[PDB]
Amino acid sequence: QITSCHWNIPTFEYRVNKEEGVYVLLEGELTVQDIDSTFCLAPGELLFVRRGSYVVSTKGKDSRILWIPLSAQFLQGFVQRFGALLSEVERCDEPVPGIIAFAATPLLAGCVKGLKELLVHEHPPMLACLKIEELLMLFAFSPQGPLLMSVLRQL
């Protein structure tokens, strides 16, 4: 379900993500480009990406990255569980970018090191579901939360 990704890409490739998701760069480099914009991120930064098509590249480096896909089912079972707190979030903007970048935060950093750790140590599967709810809940708490919220109504 949630995948460590050893990628080497010197030029670029194309991705076509039928689901919303999260790209997080564990080791190496990773660029994500949509029609609008380009995002270059350090480890262990992440991006939230809408449904869509994307240009990805590693710059020919050896890169371990983490792809977390967010099913519609999960996203519902999430907003269901927490919809009351999420109604504290403001409404819109209405463009919603499609690639959403997040300011580096110690709590976000901790949530990332949680995912890393989950690859290396044996655990219950549901600990990952929880780690993602935590990440999502941090997004919704962020300044960029209303973006996510706007994406979250459409589906």
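Note that residue numbering begins at 1 and tracks the sequence as displayed.
A summary of the deposited B-factors shows that, of 53-61 and 115-123, the stretch with the larger mean C-alpha value is 53-61. Per-stretch averaging of Cα B factors for 81-89 and 68-76 places 81-89 on top. Among 130, 96, 47, 108, the highest C-alpha B-factor recorded in the PDB entry belongs to 96. Per the PDB record, 42 has a higher Cα B-factor than any other of 42, 32, 35, 101. Residue-level temperature factors show residue 9 in the highest third of its chain, judged at the C-alpha atom.
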